[PDB]
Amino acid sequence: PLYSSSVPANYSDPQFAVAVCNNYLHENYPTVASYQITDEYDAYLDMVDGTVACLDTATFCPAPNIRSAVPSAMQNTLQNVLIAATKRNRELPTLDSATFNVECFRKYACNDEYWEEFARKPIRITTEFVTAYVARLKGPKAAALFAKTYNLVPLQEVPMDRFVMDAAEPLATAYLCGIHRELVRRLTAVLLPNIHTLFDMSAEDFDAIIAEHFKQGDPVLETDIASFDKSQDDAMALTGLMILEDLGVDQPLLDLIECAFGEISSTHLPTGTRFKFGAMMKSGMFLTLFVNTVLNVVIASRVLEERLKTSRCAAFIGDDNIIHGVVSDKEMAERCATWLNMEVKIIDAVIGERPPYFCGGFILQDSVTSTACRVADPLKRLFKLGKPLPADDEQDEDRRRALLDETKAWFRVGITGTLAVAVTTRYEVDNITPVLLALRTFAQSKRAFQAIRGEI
């Protein structure tokens, strides 16, 4: 209870205090990063109904939705990848673990045809892309103004010294969007054709893949990595950096990525009254989702080994996956246990009995067509609809149309019964069908949907 005398000091202007706080966070990124960044990720993903729907309806950097009512819990994977990059430019135990991880990823998930190309051809964004990026935002005229203003020479890579920031942020935002598009394209090239990602895939196109490969009685395996804080794991971060490098993210690109994203850290104050959801925000969130998907595949590669390679159909996006035709064994369980302790668990599901789960939905067999499909989880949706929300007529209509789309799937005459069975099987709850009927009531009109929020 003996405190020394307190003598506070301060700056002569609050704007000095703002700049000092922003500058401090800028200078100390990536070592630390504000949790407001991932809170903003969660808020955006929750508002657009999750990862796949966010990627599929991307307004700034594109390429019925797959919608999930599961709350987002994003961690700053990209921050820790950049921490690994700084540490690389002793812990050879980490290096040997990450190297083995990359070996498993290549051996069991990838072809080997493209690594030489990507090594000699790092990712570089061109004038034509960033112009077409601005053209789709504001029209052909504003893009030619954009190319003239930055002195962009046609058919040339955008010079990196044209816009580095270690205010031309429109150019930097356009460049980062080109990086994400090329990363998705290059990852799609290396992955074996039975291994699918969902960076831009509608519910109908994914359902075509499910319908083709998933039959009644088929086992489906899931690796649950929700409890594994891979974003704060040293070997995972180095694995992510290593595979990004293999895909063409060289040191100039890494420097550009760290420079651009240190600038987000500097937009801490003033806060405003709501998350601004910038286009730069979305680029960082997209890159985080990309690395998470890769690490998801890496974990499945190391745990399943050849059983992943020979799977007839395996799908990955964010932290979620399903792997057809694989049943856990004890060699598999020991590998997963000795490597990641109980941070990652293996789930054995079966089409028609113990339903597989994927992106907040059930993999169900339609009882009329005998065709498998993904159906959104109605219990999660009901939970999500309880969120108190300020009045917003345009967003209310968006949410109502999303509910309408979901209820149309629930009331397919081959789905309603097996969906209620799956919900009771997964959660041990009573028959969900009265809630299905209630939610469809809300969905059919703007007036009925208003009952969810209530008066005032």
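One-based numbering along the sequence shown.
Unmodelled residues of the deposited sequence between neighbouring positions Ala63 and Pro64 number 10 or more. In the deposited sequence, the stretch from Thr271 to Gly272 has no residues without coordinates, so the chain runs on without a break.
Between the stretches 380-388 and 225-233, it is 225-233 that shows the larger average CA temperature factor.
Looking at 154-162 and 93-101 together, the entry lists the larger mean B-factor for 154-162, computed on C-alpha atoms. The top Cα temperature factor in the record, among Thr418, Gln36, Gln395, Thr51, falls on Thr51.
Each of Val429, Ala58, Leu404, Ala422 has a CA temperature factor in the record; the biggest one is found at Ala58. The entry lists a Cα temperature factor for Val368 that places it in the middle third of the chain's modelled residues.
Among all modelled residues in this chain, the alpha-carbon of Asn111 has a temperature factor (C-alpha) in the middle third. The deposited CA B-factor of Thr131 belongs to the highest third of values across its chain. Ranked by C-alpha B-factor against the other modelled residues of its chain, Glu258 falls in the middle third. Sort the chain's modelled residues by C-alpha temperature factor and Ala9 lands in the highest third, per the entry.
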